[PDB]
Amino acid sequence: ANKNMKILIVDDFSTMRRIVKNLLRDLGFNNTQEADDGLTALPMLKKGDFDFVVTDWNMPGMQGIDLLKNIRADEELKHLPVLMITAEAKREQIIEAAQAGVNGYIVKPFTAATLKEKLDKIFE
């Protein structure tokens, strides 16, 4: 588990990207960059050579679910682990993200404790 892997934090809420960034720093990860919607994340992922994606769901531009499908439906981006963070706690929606290929999930609000937990869970 590289602690200097390039990570993209996607969320329409700036403060949330901010919180995620610091929790990640707390766990020994400071190579984070941001995108405020799935529409701005894609082009970044398209040439940024990121290693990990943490994405919100509910986003006006391109919903987090659609972003993961684009990442998956893309031969150069389909190995990217994706942790979905979001308020949508409905099982039917978690299922949907699972079928779409997400690697992990985590419901807002969460702590550094819970985050690290999820991260380790993901690396496979």
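Residue numbers run from 1 along the displayed sequence.
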Q) What stretch has the higher average Cα B-factor here, 8-16 or 107-115? A) 107-115
Q: Look up the CA B-factors in the entry and say which stretch, 66-74 or 39-47, has the higher mean.
A: 66-74
Q. Can you tell me which of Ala89, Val54, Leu80, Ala97 has the highest Cα temperature factor in the record?
A. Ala89
Q: Relative to the other modelled residues of the same chain, rank the CA B-factor of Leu27 and answer lowest, middle or highest third.
A: highest
